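Coming up is one lone chain in structure tokens, specifically the form deposited in one PDB entry.
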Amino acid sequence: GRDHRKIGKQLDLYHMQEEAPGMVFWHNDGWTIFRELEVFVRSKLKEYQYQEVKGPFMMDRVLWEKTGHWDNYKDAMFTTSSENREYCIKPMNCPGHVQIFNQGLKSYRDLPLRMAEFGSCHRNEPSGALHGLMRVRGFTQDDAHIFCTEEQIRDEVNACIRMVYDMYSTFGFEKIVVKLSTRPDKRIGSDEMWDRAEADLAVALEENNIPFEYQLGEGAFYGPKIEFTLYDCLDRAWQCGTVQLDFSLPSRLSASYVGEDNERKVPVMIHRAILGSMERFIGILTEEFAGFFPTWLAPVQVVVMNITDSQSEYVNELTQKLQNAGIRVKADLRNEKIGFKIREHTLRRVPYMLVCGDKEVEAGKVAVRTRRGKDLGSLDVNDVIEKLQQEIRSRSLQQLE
């Protein structure tokens, strides 16, 4: 009952085809989940004071060659040509963000500059390694890059760490393992630069009261990182989050700002993603909930249904009210037994089934059944609407009484 590929078919969320290896066809209901996840991340972007931008899908290979990634990663990049020029389909958003940073003179007053994007990335991953939503060729990162001074690093990493635990707690993930990857054998910068950079990550973690462990020698050539691994309800580990310091890319791409002493300074860059791949995170969630998505995420939140034809216009009014309240609602007005309707929508993991018999219509009430088979009895319509709105707005993991 926790295979995201079977559940994804059963709930009509997505499909894959050999015509587009590792690129997801999002169906209506799956795209609803994705969009709702995007809304959630955007709420955190506002709360943590990020800009949100959007970069193009391709950029001249010439620019990618300047980044220092081209040699290590050419074989995993899609390329395409036009008019004697070769373009890379972007595998990451960082160089694009630096291009945005480079427009307009920046000063120290603009820092820290926090730049997020739901970045549509492609990697030419071997087809034999592809698997459902979790190993794909086309993915979307909840990405951001922070441009800051050396003095601002700790405070910026501190905020990233808070954002990580904040976001994972929303989905019920409270068991998190954290690993700090230290200086590799081949690296840029001085040993003193590495001492200070590793300490900044370590102290920011201490300032959040987070125990962690080292992954010795596993840092990037361009700086140390923290990785965050969450545990699902089956105690399976999923590495999702990354906070990566980068002392190389800004210099490579001629990024600079006017310092307070009026000299040209090169900013430090922090790369961070919390969920990682949105597609992969939806896979993880599907398995974690076994398809019983929390109401805020559920493609269809409520189905309103009549026992007989006599309650059809009451169901229509109630459905319009729920629609006006911002709820994802459908009316099931089929000439079918109420038990048939409940079973179908239970199998589809609809959080709430609002049942209207003659007694409900006559009292201006509605009978509420949950997808877990709980009869909550019959309740005043406006009180039920208010409770559903609260469960949705608060992104609650739990259903009503």
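Numbering starts at 1 and runs along the sequence shown.
K.L.:
Looking at the deposited entry, does 121-129 or 279-287 carry the larger mean Cα B-factor?
P.N.:
Stretch with the higher mean C-alpha B-factor: 121-129.
K.L.:
Tell me which stretch has the larger mean Cα B-factor in this entry, 75-83 or 311-319.
P.N.:
Higher mean C-alpha B-factor in the PDB entry: 75-83.
K.L.:
Can you tell me which of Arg35, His27, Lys44, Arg343 has the highest Cα temperature factor in the record?
P.N.:
It is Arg343.
K.L.:
For the C-alpha B-factor as written in the entry, point me to the maximum among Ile89, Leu234, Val300, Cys160.
P.N.:
Answer for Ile89, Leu234, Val300, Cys160: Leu234, with the highest C-alpha B-factor.
K.L.:
Lowest, middle or highest third of the chain for the C-alpha temperature factor of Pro21?
P.N.:
Middle third - that is where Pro21 ends up once the chain's C-alpha B-factors are sorted.
K.L.:
With respect to C-alpha B-factor, does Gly259 fall in the lowest, middle or highest third of the chain as deposited?
P.N.:
Ranked within chain, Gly259 CA B lands in the highest tercile.
K.L.:
Among the modelled residues of its chain, does the C-alpha B-factor of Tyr222 lie in the lowest, middle or highest third?
P.N.:
Answer is middle: the recorded C-alpha B-factor places it there.
K.L.:
Pull the Cα B-factor of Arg371 out of the PDB entry and bin it into the chain's lowest, middle or highest third.
P.N.:
Ranked within chain, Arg371 CA B lands in the middle tercile.
K.L.:
Ranked by Cα temperature factor within the chain, is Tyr108 in the lowest third, the middle third or the highest third?
P.N.:
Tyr108: CA B-factor falls in the highest third of its chain.
The form deposited in another entry exists for this protein as well; it is not shown, and the discussion that follows is about that form.
K.L.:
May I ask you to determine if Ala204 and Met16 are placed in the same rigid part between the shown form and the other one?
P.N.:
Segmentation between the shown form and the other one puts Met16 in the other part from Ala204.
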